[PDB]
Ligand SMILES: *Cc1ccc(S(=O)(=O)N2CCC(N(C)C)CC2)cc1
Ligand SMILES: *Cc1ccc(S(=O)(=O)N2CCC(N(C)C)CC2)cc1
Ligand SMILES: [Ca+2]
Ligand SMILES: [Ca+2]
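Protein chains in written order, with the entry's author numbering: chain A, -2 to 70, 78 to 231; chain A', -2 to 70, 78 to 231; chain P, 43 to 51; chain P', 43 to 51. A prime marks a further copy of an entry chain.
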């Protein structure tokens, strides 16, 4: 997207979201990142929304095909599952590449750095969902390491109700439950996160209260399923 | 898809439908058509479902962008609407190309020939939705001509309850109402189609009755909106 | 005004 | 178990 203005890429990413054209949205936001400037809060969210939609569709398709393949056990189901899997891995590698070149290293404020490290954990987690064997082990450790660094920063630099801090804890708890085979760690993290946020709600405006309690309900929803 | 077996392309098209991967589904079915053999009833439906989903997403996006553009009247909204429009036209041209090379000319049974001519009318209709000016006139006449040939065959060769005959009449009525500025022709066609189907329902099994009455309700739904 | 949905086999 | 939906700005 080298010939398009940064501001035009951002404007077109917003239009693509409205049109539910998420592959386009991700390509526009990749082009915007590759302009080399840091991203604002709104721009980071556009980048994340675009890729979460793209990879979310791929993950849903991979799960459908993997279920059919498991029930079957010609080569067609495996071949097509592998094709979708390779595409999914390519998108994850693209996002991880943007984070490594050079979003994370230039992110000095806690809000941006935690945001990008949470993304890094998420996309390694999506790689882990389809990985098999010892490659899975190193991918899992990469997700854990990214989430842990984000957690350490968020606990030092953000209030317990901050929505990015809450969403990070939610997703790290899912990592523990679904990827790392650590359901007790998942439950403990979700419970502690919820309780510390509850005790801080009194400091918030009406609008911030709505933002934080929406994510707290997601933590509670997981706790209800897990206990 | 020249190196993949016809039967594998069909199997993968069915998997792609289950995975809601409609671009893949359309590419697999295009590859199957290009093997050069005629398509069975089930295969024709897979081809149609694949492309209807692809072009349906493009049409929905084009309408969102066209609405934003109309409300606005920089170059970004127009440029992006044009990009989506060109992609949509490319998919329509691809489908029309498959019909012309060589699905229609080899379709001798009424069921296949009517099916393909209805597709031809539909994809010219989607081209007409985005066309402007005198190009619109010839595109509109191409849609009308395809639908009319399909109608003539269907009335000679199929019972009035046949689901393809009913769906053809439904879509031709939409063409009259939405494209050709002929709402009275649309209403007359929908009413006559519905009434002639109703009088033939007594000949049908329980399963065929369900198939036909589902499309009859769509005709009635349009009549309710139009009168 | 609705045409045949046509999006599920 | 649900992660952040994250699919709408
Ligand atoms: C992981 C993550 C990403 C973004 C947020 S957010 O910016 O505070 N916010 C959450 C709710 C969303 N709906 C309101 C659409 C928008 C983005 C939090 C956690
Ligand atoms: C234009 C058209 C296409 C297909 C048919 S159909 O094969 O009889 N049928 C209609 C209903 C659909 N649902 C049951 C999923 C399947 C396809 C009719 C008209
Ligand atoms: Ca510039
Ligand atoms: Ca062969």
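Heads up, the beta-carbon is just placed ideally off N, CA and C, and yes, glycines get one too.
Query raised in the report: Exposed or buried, which one is residue 5 of chain A' when buried takes at least 16 other CB atoms within 10 Å?
Result: What you label residue 5 of chain A' is simply residue 8 of the second chain in a count that begins at 1. Residue 5 of chain A' comes out buried.
Query raised in the report: Does the Cβ of residue 147 of chain A' have 16 or more other Cβ atoms within 10 Å, making it buried, or fewer, making it exposed?
Result: Within the second chain, numbered from 1, the residue matching residue 147 of chain A' stands at position 143. With 16 or more Cβ atoms within 10 Å of its Cβ, residue 147 of chain A' is classed as buried.
Report task. Could you check the C-alpha separation between residue 224 of chain A and residue 89 of chain A' for me, to the nearest Å? Result -> For the purposes of this step, residue 224 of chain A is taken as the residue at position 220 of the first chain. For the purposes of this step, residue 89 of chain A' is taken as the residue at position 85 of the second chain. Linking residue 224 of chain A to residue 89 of chain A' through their CA atoms gives a straight-line distance of about 45 Å.
Report task. Would you mind working out which of A:207, A:42 and A:189 sits nearest residue 120 of chain A, comparing C-alpha positions? Result -> Walking along the first chain from the start, residue 120 of chain A turns up at place 116. Residue 120 of chain A has its Cα closest to that of A:42, out of A:207, A:42 and A:189.
Query - Under 8 Å (Cβ pairs) to chain P', residues found in the region 42 to 65 of chain A - result: Listed in sequence order: 42, 43, 45, 46, 49, 50 and 53.
Query - Residues of the region 5 to 24 of chain A' with Cβ closer than 7 Å to any Cβ of chain A, in chain order - result: Answer set for the region 5 to 24 of chain A': 5, 8, 9, 12, 15, 16, 17 and 18.
**Report entry** Assigned secondary structure, residue 12 of chain A (DSSP; H/G/I helix, E/B strand, else coil)
**Finding:** The residue you call residue 12 of chain A lines up with position 15 of the first chain. DSSP, read as helix, strand or coil, puts residue 12 of chain A in helix.
Query - Inter-residue spacing [alpha-carbon to alpha-carbon] between residue 36 of chain A and residue 14 of chain A' - result: Along the first chain, read from residue 1 onward, the residue named residue 36 of chain A stands at position 39. Along the second chain, read from residue 1 onward, the residue named residue 14 of chain A' stands at position 17. About 37 Å.
Requested in this report: Report all residues for which the CB-ligand distance to some heavy atom of ligand 6 is below 7 Å; order them along the chain.
Outcome: Only ligand 1, ligand 2, ligand 3 and ligand 4 can be found as ligands here, which leaves ligand 6 out of the picture.
Query - Rounded separation between residue 34 of chain A' and residue 104 of chain A' - CA only - result: Residue 34 of chain A' sits at position 37 when you count from the first residue of the second chain. Residue 104 of chain A' sits at position 100 when you count from the first residue of the second chain. One alpha carbon belongs to residue 34 of chain A', the other to residue 104 of chain A', and they sit about 14 Å apart.
Query raised in the report: CA-CA distance, residue 156 of chain A and residue 70 of chain A'?
Result: For the purposes of this step, residue 156 of chain A is taken as the residue at position 152 of the first chain. For the purposes of this step, residue 70 of chain A' is taken as the residue at position 73 of the second chain. Computed Cα separation, rounded: 50 Å.
Query raised in the report: How many whole angstroms separate the CB atoms of residue 174 of chain A' and residue 158 of chain A', which I take to be in contact at a CB cut-off of 8 Å?
Result: As a position in the second chain, residue 174 of chain A' is number 170, starting the count at 1. As a position in the second chain, residue 158 of chain A' is number 154, starting the count at 1. Rounded, the Cβ-Cβ distance is 12 Å, inconsistent with contact.
Query raised in the report: Is the region 91 to 106 of chain A in contact with the region 51 to 62 of chain A, if contact means three or more CB pairs nearer than 8 Å?
Result: Enough Cβ pairs lie closer than 8 Å, so yes.
Query - Straight-line gap, residue 202 of chain A' to residue 186 of chain A' (C-alpha atoms, nearest Å) - result: One-based indexing of the second chain puts residue 202 of chain A' at position 198. One-based indexing of the second chain puts residue 186 of chain A' at position 182. C-alpha of residue 202 of chain A' to C-alpha of residue 186 of chain A': approximately 25 Å in a straight line.
Query raised in the report: Can you find a CB in chain A that lies within less than 8 Å of the CB of residue 134 of chain A'?
Result: The sequence position of residue 134 of chain A' within the second chain is 130, counting from 1. Residue-level contact by beta carbon fails for residue 134 of chain A' and chain A, as no gap is shorter than 8 Å.
Requested in this report: Whole angstroms is fine: what's the gap from residue 16 of chain A''s alpha carbon to residue 10 of chain A''s?
Outcome: Within the second chain, numbered from 1, the residue matching residue 16 of chain A' stands at position 19. Within the second chain, numbered from 1, the residue matching residue 10 of chain A' stands at position 13. Rounded to whole angstroms, residue 16 of chain A' to residue 10 of chain A' spans 10 Å at the Cα level.
Query - Contacts that residue 81 of chain A' makes with chain A (C-beta to C-beta distance below 9 Å) - result: Within the second chain, the letter at position 77 stands for residue 81 of chain A'. Here the neighbours are 8, 9 and 12.
Query raised in the report: chain P' beta carbons: is any one of them nearer than 8 Å to that of residue 127 of chain A?
Result: The sequence position of residue 127 of chain A within the first chain is 123, counting from 1. No, residue 127 of chain A does not count as interfacial toward chain P'.
Query raised in the report: When the Cα atoms are used, what is the spatial distance from residue 38 of chain A to residue 114 of chain A'?
Result: Here residue 38 of chain A refers to the residue found at position 41 when the first chain is read from its first residue. Here residue 114 of chain A' refers to the residue found at position 110 when the second chain is read from its first residue. So the two alpha carbons sit approximately 60 Å from each other.
Query raised in the report: Is the Cβ of residue 84 of chain A' closer than 8 Å to any Cβ of chain A?
Result: Residue 84 of chain A' sits at position 80 when you count from the first residue of the second chain. Answer yes: the Cβ-Cβ gap between residue 84 of chain A' and chain A drops below 8 Å somewhere.
Report task. With a floor of 3 residues, list each beta strand (DSSP E) that falls wholly inside the region 119 to 176 of chain A, ordered by position along the chain. Result -> DSSP runs (the beta strand (DSSP E)) wholly in the region 119 to 176 of chain A: none.
Requested in this report: Please go through the same chain and pick out, in chain order, the residues whose beta-carbon is closer than 8 Å to the beta-carbon of residue 183 of chain A', but skip the five residues on each side of it.
Outcome: Within the second chain, residue 183 of chain A' is the residue found at index 179, counting from 1. The residues are 129, 132, 133, 144 and 147.
Query raised in the report: Is it the case that the Cβ atoms of residue 30 of chain A' and residue 100 of chain A' are separated by a distance below 8 Å?
Result: As a position in the second chain, residue 30 of chain A' is number 33, starting the count at 1. As a position in the second chain, residue 100 of chain A' is number 96, starting the count at 1. The Cβ atoms of residue 30 of chain A' and residue 100 of chain A' lie no closer than 8 Å to each other.
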